[PDB]
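Atoms within each ligand, like the ligands themselves, are counted from 1 in listed order. Proteins get letters first, then strands, A, B, ... in listed order; numbering begins at 1 in each.
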Amino acid sequence: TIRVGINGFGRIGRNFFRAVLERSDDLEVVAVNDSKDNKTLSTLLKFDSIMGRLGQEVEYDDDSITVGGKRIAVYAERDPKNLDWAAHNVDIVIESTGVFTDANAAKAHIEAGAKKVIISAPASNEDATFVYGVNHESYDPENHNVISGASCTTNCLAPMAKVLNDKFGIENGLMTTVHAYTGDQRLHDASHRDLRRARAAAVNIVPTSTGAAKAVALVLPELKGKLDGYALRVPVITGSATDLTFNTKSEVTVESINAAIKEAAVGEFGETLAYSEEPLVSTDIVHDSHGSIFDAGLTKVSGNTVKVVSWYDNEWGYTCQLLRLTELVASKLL
Amino acid sequence: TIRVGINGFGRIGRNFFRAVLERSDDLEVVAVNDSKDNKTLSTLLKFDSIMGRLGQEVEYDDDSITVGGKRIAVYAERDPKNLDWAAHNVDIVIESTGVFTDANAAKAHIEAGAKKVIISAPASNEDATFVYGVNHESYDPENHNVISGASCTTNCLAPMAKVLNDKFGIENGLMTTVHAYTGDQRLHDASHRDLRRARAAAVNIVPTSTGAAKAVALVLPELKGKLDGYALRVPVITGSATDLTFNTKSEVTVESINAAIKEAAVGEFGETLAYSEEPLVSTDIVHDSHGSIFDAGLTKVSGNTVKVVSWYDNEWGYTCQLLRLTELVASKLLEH
Amino acid sequence: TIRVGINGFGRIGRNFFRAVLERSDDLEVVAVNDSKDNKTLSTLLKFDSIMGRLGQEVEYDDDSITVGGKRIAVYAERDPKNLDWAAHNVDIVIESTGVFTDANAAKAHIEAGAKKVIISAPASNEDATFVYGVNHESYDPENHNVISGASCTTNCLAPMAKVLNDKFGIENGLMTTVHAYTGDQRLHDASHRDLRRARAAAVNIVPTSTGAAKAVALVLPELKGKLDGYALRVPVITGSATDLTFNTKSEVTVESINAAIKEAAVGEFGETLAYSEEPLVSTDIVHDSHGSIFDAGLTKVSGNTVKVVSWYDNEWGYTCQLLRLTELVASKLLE
Amino acid sequence: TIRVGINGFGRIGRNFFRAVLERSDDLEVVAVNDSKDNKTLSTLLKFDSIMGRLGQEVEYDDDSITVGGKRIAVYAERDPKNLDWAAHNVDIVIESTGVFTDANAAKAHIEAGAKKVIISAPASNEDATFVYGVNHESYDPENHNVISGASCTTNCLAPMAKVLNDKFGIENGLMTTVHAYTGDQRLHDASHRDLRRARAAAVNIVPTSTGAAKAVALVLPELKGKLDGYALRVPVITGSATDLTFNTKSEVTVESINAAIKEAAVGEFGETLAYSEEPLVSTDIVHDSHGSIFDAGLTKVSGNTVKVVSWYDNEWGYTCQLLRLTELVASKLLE
Ligand SMILES: NC(=O)c1ccc[n+]([C@@H]2O[C@H](COP(=O)([O-])OP(=O)(O)OC[C@H]3O[C@@H](n4cnc5c(N)ncnc54)[C@H](OP(=O)(O)O)[C@@H]3O)[C@@H](O)[C@H]2O)c1
Ligand SMILES: NC(=O)c1ccc[n+]([C@@H]2O[C@H](COP(=O)([O-])OP(=O)(O)OC[C@H]3O[C@@H](n4cnc5c(N)ncnc54)[C@H](OP(=O)(O)O)[C@@H]3O)[C@@H](O)[C@H]2O)c1
Ligand SMILES: NC(=O)c1ccc[n+]([C@@H]2O[C@H](COP(=O)([O-])OP(=O)(O)OC[C@H]3O[C@@H](n4cnc5c(N)ncnc54)[C@H](OP(=O)(O)O)[C@@H]3O)[C@@H](O)[C@H]2O)c1
Ligand SMILES: NC(=O)c1ccc[n+]([C@@H]2O[C@H](COP(=O)([O-])OP(=O)(O)OC[C@H]3O[C@@H](n4cnc5c(N)ncnc54)[C@H](OP(=O)(O)O)[C@@H]3O)[C@@H](O)[C@H]2O)c1
């Protein structure tokens with residue numbers, strides 16, 4: 001058993017906890033740090049507006065929750081430096097607060113006794129950034145200690161980008177992600193540093209910067225400076241699509257583009273990238289464990305320009321990717 | 001002109017600003033305090049997801065906005081004791097932050113040079129609480145200085161409860177308000193004191209307590225102890241209905257219940273309480289200026305048990321009620 | 001196994017299909033009639049915006065779908081007198097089109113070779129109406145051949161009204177159900193015989209008439225004349241709540257009201273009616289198998305006036321009740 | 001005054017009715033044909049889930065509605081051959097039913113006494129297709145009698161495309177339109193010829209095809225064969241964006257792309273194409289009169305590849321383009 005702690009028991013933190021329970025046989029969450037009190041925190045674990053009721057018994061007290069009869073230690077420190085992960089023999093900490101995406105801050109978990117930190121977002125000053133299935137072979141068990149699992153969008157874009165770059169060569173490309181609203185958007189028109197994300201999320205198409213097409217550079221260095229993009233946040237609670245338009249010197253058809261993805265989407269890579277010819281809408285990919293679900297029916301080719309669209313559950317799909325990377329960290333030296 | 005200040009430039013603050021421009025010819029908002037920086041504040045004033053664009057030009061600088069060419073002083077003081085309303089010759093302050101509903105706290109506005117404060121919600125320790133059209137005749141210009149305009153729901157329930165109580169006598173009633181989600185609720189399942197309001201607001205029916213039915217007693221003491229209720233928050237952005245089920249000893253029919261409202265919903269009171277026989281849905285009462293829009297088509301009677309239903313725009317309707325109350329205050333003496 | 005046919009492969013028909021696969025050990029759906037072509041019908045079985053993907057393989061051809069290797073004959077006859085259930089040895093037909101709730105139309109299934117018809121809605125001219133767990137004991141296998149499983153709302157209201165009526169006595173009560181939009185409503189403001197249901201469903205609170213409180217009287221004749229109500233359709237895709245306000249001559253408290261349901265919600269009956277003290281919102285009762293989930297936190301009392309509130313998944317909850325009714329029918333004489 | 005009839009009093013028809021009242025001083029709608037009784041029709045005119053209440057008073061009788069004192073004759077003829085527009089001295093008919101986009105059906109309005117038919121959609125067999133601001137100067141009052149006002153998407157894309165093609169030259173481009181759901185989509189998972197449009201509209205992102213990028217060729221022949229695209233329908237009731245990604249041989253920057261739109265979007269053409277540096281979301285362009293609202297903050301450039309985004313109210317914005325076209329027709333020869 002490799003012992004895991006979660007810092008930030010929000011959407012991704014709670015997704016991750018459920019993923020551990022459902023898909024892991026060698027990881028165990030033993031400690032959680034979060035701003036919520038234990039009554040709220042256990043309630044939100046038990047009941048989920050997206051995932052439904054947890055399949056296990058949940059109780060709490062002043063210092064813990066207990067899930068399927070396993071006591072889990074719970075803290076409420078604003079500052080990671082006041083945690084003690086060593087006290088519980090925690091090896092890996094999932095940093096999913098959204099406020100410690102700077103590795104120089106997330107480093108504090110390691111001072112506090114953790115061996116590894118995996119940031120559940122694009123980071124700064126990180127040892128390394130990973131999309132599982134794309135660049136995880138490059139993980140250095142000795143020197144990669146505070147790492148990033150990238151964004152939901154990057155985990156969708158990169159697997160497909162890699163396949164098509166390897167096969168046909170991408171010269172330039174621009175991305176639009178049409179993406180479920182997230183918790184940092186406001187419910188009613190209200191204060192936000194981003195004036196568009198200020199705006200009532202459930203009744204607006206909300207453009208917002210993404211970053212997660214340039215972040216492909218960190219994971220596919222071949223594509224540095226060749227990809228850019230942005231998001232339109234729209235009123236669905238989870239489920240997103242990445243629409244990539246790109247040029248290639250290759251001679252391509254709809255058919256050959258699609259066949260390139262079909263032939264890659266196999267074996268273990270095929271757990272990251274799926275290939276579909278089904279008449280998909282967003283609800284069909286909710287709770288899909290892939291990082292990227294390629295939609296062959298949406299491929300277009302105009303000369304040397306190609307549009308391709310891949311789906312992703314930005315919550316569960318990303319989390320499943322984050323867990324694959326967590327499994328890789330645990331299987332190697334700590 | 002009576003000059004007005006707004007503390008808390010949120011949904012209700014901004015509705016109130018627009019209501020003054022559209023509906024008043026004797027009030028002017030000359031100063032605003034809020035948490036936002038001027039870029040964000042002017043932006044959220046210019047653009048509204050519910051109300052659409054402001055029909056006036058908006059500009060901003062380091063300590064003001066300019067709206068239709070009128071300069072409005074803007075502050076970002078989290079503590080109202082750090083404001084000065086007398087500096088801008090402001091008589092009345094709307095207290096719409098939602099964090100100063102204790103009148104002892106809201107009194108800071110009086111010490112900062114305002115003559116009157118109107119709290120845009122239920123209050124504690126207040127001089128007086130009003131639903132316009134129901135009990136505004138009791139307003140005492142000398143002694144009611146920090147006052148409450150009640151809640152959106154109380155402004156919908158009280159007009160209707162008064163009419164039916166006066167005509168038939170209400171023994172006991174219980175209310176459900178089916179209510180647009182509001183800013184207190186969470187977009188995604190996340191931290192909240194209320195474990196239900198914690199839950200993703202736009203995909204859930206969310207039960208939550210109000211106090212709006214017990215608060216009717218403040219404006220109609222005859223109904224002390226006779227009403228209670230709760231809310232179900234549902235995925236519409238604004239627009240709400242209050243569904244009241246009560247017992248009467250009177251012999252009543254659907255027709256006599258409806259006739260009672262129709263009779264009453266006239267003149268100045270009719271600006272607060274409307275009577276409708278139209279096939280209404282919530283979008284039909286968005287931007288309606290009444291506190292209470294009685295839906296005759298929904299009334300039911302089973303023996304001595306009556307169900308009546310009244311709609312309200314919890315933003316705009318409540319705001320129009322608050323503006324009526326503000327106009328009253330502004331028409332009577334304003335001394336320190 | 002008893003062989004079942006479905007007429008009307010819509011929300012309820014497809015829920016029913018999935019419920020049979022998941023919850024039944026003695027029933028098999030062998031034949032479906034619907035307006036859709038096989039491609040469309042198979043697509044909507046496999047993919048569901050509410051229930052997610054079906055966990056079985058789905059294939060189709062010119063006059064069948066095949067689900068987890070089981071061939072299912074498919075028809076598209078507007079008029080059921082043009083069907084033939086006997087050719088598939090179908091005993092029970094679930095009548096879920098929404099358009100044949102008059103038993104005088106629905107009985108065409110019997111003429112077409114079925115032995116029993118269960119209508120997925122309030123009916124007219126029917127042999128009997130049932131809410132499972134409330135009055136199914138009155139089922140007459142000889143004379144009850146074209147029956148109704150009543151409405152989603154009645155299946156929520158009736159169990160709770162029964163318990164509270166039995167204990168305290170209901171003088172009169174009025175109901176509001178705050179209810180998920182349904183397929184009868186328009187997406188955009190458009191033609192409808194009901195000028196409120198005409199209005200854009202996903203952005204409106206929409207009042208609409210339900211006969212579901214008065215229909216409790218079919219199932220609990222003690223309450224005839226004593227109940228009425230209406231619905232407010234609101235923008236969630238499934239999941240609903242029935243809010244009942246009634247007066248009683250008994251002296252009652254929030255605790256005694258809650259205790260009466262908790263007491264009752266225990267056995268077989270407890271599969272129909274649950275008692276919850278949880279902080280429920282609508283998403284928490286989506287895919288719940290109960291007819292009625294009583295929310296003890298929402299009980300209020302003022303003098304002799306009582307308000308109680310119960311949740312239901314108007315799709316799956318109702319469907320599980322219909323399945324319970326079907327199992328009872330399947331367990332007795334099919335002459 | 002030039003008198004106008006509307007055939008198809010749906011979303012676009014009723015938007016058009018309101019646009020005339022709000023924005024025209026020289027047109028009057030004097031007759032309407034739809035599928036509805038006058039109570040139903042008057043209700044849906046008076047009350048709108050998107051546009052709010054009509055400001056004018058609305059009465060009806062067996063033969064008509066009266067709006068602000070003006071009697072408007074109403075018909076419910078399925079087949080336009082059975083109308084008589086000449087009896088109402090109607091010169092121009094708006095064909096907004098959606099079912100007569102073949103000009104050889106639409107021309108029945110002319111047999112029925114009208115002089116001009118404007119189809120509120122892509123058409124077939126038409127005399128001409130127009131995006132106001134782009135190609136309306138080619139309108140020929142003698143020979144252009146059954147015409148198309150193109151699609152919502154085409155009225156957004158073509159103005160932006162013309163400016164950038166004129167300045168920099170577009171070699172090829174692919175577009176994605178992120179589009180409010182429309183009446184054709186289903187509220188619950190249900191029958192549709194499009195297996196994705198079958199899927200509950202207000203909880204799904206729904207890919208669907210549009211010919212709107214190819215149809216730019218009818219209005220800008222230079223761009224024939226160069227553009228294609230598709231749509232993602234999303235849960236907002238109105239308001240859309242068109243995202244075009246294109247290659248040019250020109251040397252361009254974000255700044256130079258944006259500068260080109262800004263210098264074009266002035267004068268009369270600027271009532272069709274607006275230039276914005278505001279932090280726009282979809283609700284900010286609801287009831288916006290422009291065909292195309294270019295969002296300078298979303299422009300991206302990677303080498304010789306450009307992404308530009310333009311907003312449109314697919315209801316009101318399109319309708320305002322249609323009214324511009326109608327005003328032009330009304331201003332020139334009517335036989
Ligand atoms: N949601 C997605 O689709 C998605 C996908 C991929 C990656 N991510 C990334 O994952 C991260 C979390 O996002 P999310 O959607 O899960 O947001 P979230 O629900 O807001 O989760 C953040 C959680 O951290 C807690 N928290 C905040 N500051 C804390 C502190 N100093 N110490 C301890 N706990 C603290 C919050 O408690 P309170 O709620 O009480 O403040 C909350 O439970 C972000 O970096 C986000 O970009 C999100
Ligand atoms: N339907 C309704 O919305 C409704 C109806 C009737 C009554 N009310 C009541 O009206 C009040 C406001 O509600 P709302 O919906 O307008 O909420 P809101 O949108 O959150 O408005 C609150 C505003 O006050 C600001 N604020 C918070 N603390 C402040 C402080 N210490 N000093 C200055 N500004 C501060 C907020 O800025 P930040 O956002 O930056 O914090 C925001 O602009 C509440 O009491 C509410 O119950 C609301
Ligand atoms: N919450 C609920 O939805 C709910 C709950 C309880 C009971 N019910 C009741 O169950 C019934 C079905 O409602 P629903 O929501 O399932 O509606 P629905 O989704 O529209 O289902 C009706 C189905 O029947 C098909 N159909 C219509 N006319 C037909 C005909 N003449 N022959 C064969 N098939 C025909 C329809 O095909 P097309 O789509 O091609 O017309 C559709 O697949 C109604 O009586 C309703 O009141 C519904
Ligand atoms: N909505 C948009 O965003 C948009 C934008 C640009 C262009 N358009 C185009 O405008 C047209 C109308 O679309 P819409 O959204 O307004 O659709 P809609 O709401 O369905 O309007 C069509 C109207 O025509 C009626 N109708 C149907 N067949 C008729 C007939 N034979 N004779 C008379 N009335 C008839 C319909 O009644 P029933 O409903 O009872 O059949 C309805 O009132 C379509 O060609 C569409 O592509 C739509």
Side-chain angles (χ1 to χ4, degrees), chain A residues 188-191, chain B residues 7-15 33-36 76-80 96-101 119-122 149 151-152 155 180 182-184 238 240 314-315 318-319, chain C residues 7-15 33-36 76-80 96-101 119-122 149 151-152 155 179-180 182-184 188-191 238 240 314-315 318-319, chain D residues 7-15 33-36 76-80 96-101 119-122 149 151-152 155 179-180 182-184 188-191 238 240 314-315 318-319:
Chain A
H188 264 275
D189 287 355
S191 301
Chain B
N7 208 51
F9 204 60
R11 288 277 81 215
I12 296 295
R14 296 196 312 261
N15 269 255
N33 182 63
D34 188 75
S35 306
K36 289 183 286 288
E77 294 301 341
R78 77 190 56 204
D79 188 341
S96 49
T97 64
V99 305
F100 299 123
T101 64
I119 302 164
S120 71
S151 65
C152 47
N155 273 265
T182 50
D184 46 309
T238 204
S240 302
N314 48 281
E315 284 196 355
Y318 171 73
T319 293
Chain C
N7 201 48
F9 205 58
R11 286 276 86 217
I12 295 307
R14 301 199 305 273
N15 273 251
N33 183 64
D34 190 74
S35 306
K36 295 179 270 298
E77 293 292 346
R78 278 288 217 67
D79 185 342
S96 52
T97 61
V99 299
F100 299 131
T101 64
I119 301 158
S120 71
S151 72
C152 53
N155 268 265
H179 190 298
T182 48
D184 50 305
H188 264 276
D189 293 357
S191 290
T238 200
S240 308
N314 46 282
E315 289 200 351
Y318 175 73
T319 297
Chain D
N7 201 52
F9 202 59
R11 281 275 102 208
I12 299 302
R14 300 198 301 272
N15 272 252
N33 183 52
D34 194 77
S35 62
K36 286 164 193 54
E77 292 303 327
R78 163 84 50 81
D79 183 339
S96 51
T97 65
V99 304
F100 299 128
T101 62
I119 300 170
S120 70
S151 71
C152 54
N155 277 266
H179 193 291
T182 50
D184 55 298
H188 268 97
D189 294 348
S191 192
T238 202
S240 306
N314 45 285
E315 291 203 344
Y318 175 79
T319 298

| query | With respect to atom 46 (C) of ligand 3, which of C/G10, C/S96, C/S120 exhibits the smallest heavy-atom separation? | reply | C/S120
| field | Distance, nearest 0.5 Å, that separates OG of C/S191 from CG of D/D34 | value | 6.5 Å
| message | With a heavy-atom distance limit of 4.0 Å, tell me whether C/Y318 approaches ligand 3 through its side chain, its backbone, both, or neither. | response | side chain
| remark: Closest heavy-atom approach to atom 15 (O) of ligand 4 among D/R11, D/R78, D/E77 is made by D/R11
| task | Taking only heavy atoms of B/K36 into account, list the atoms of ligand 2 that are under 4.0 Å away from them. | result | 43 (O)
| query | Would C/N7 and C/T97 count as having a side-chain donor-acceptor pair, cut-off 3.5 Å? | reply | no
| query | Of the listed options (C/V99, C/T238, C/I12, C/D34), which comes nearest to atom 25 (C) of ligand 3 when hydrogens are ignored and any heavy atom counts? | reply | C/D34
| field | D/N15 and D/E315 side chains, donor-acceptor separation under 3.5 Å | value | yes
| Given the protein's heavy atoms, is any one of them under 4.0 Å from atom 20 (O) of ligand 2? | no
| query | Between B/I12 and B/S96, what is the shortest heavy-atom contact and its length? | reply | CG2-CB, 4.3 Å
| task | From atom 41 (O) of ligand 4, work out which of D/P122, D/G8, D/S35, D/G183 has a heavy atom at the shortest distance. | result | D/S35
| message | Quick test of your reading of the structure: of D/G149, D/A180, D/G98, D/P80, whose heavy atom lies closest to atom 44 (C) of ligand 4? | response | D/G98
| Polar atom proximity, C/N314 to ligand 3 (N or O, under 3.5 Å) | yes
| said: Within the 4.0 Å heavy-atom shell around D/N33, which atoms of ligand 4 are there? | reply: 32 (N), 33 (C)
| Looking at A/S191, which atoms of ligand 2 are within less than 4.0 Å of one of its heavy atoms? | 38 (P), 39 (O), 40 (O)
| Per-atom contacts, ligand 2 versus B/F9 - under 4.0 Å to a heavy atom | 43 (O)
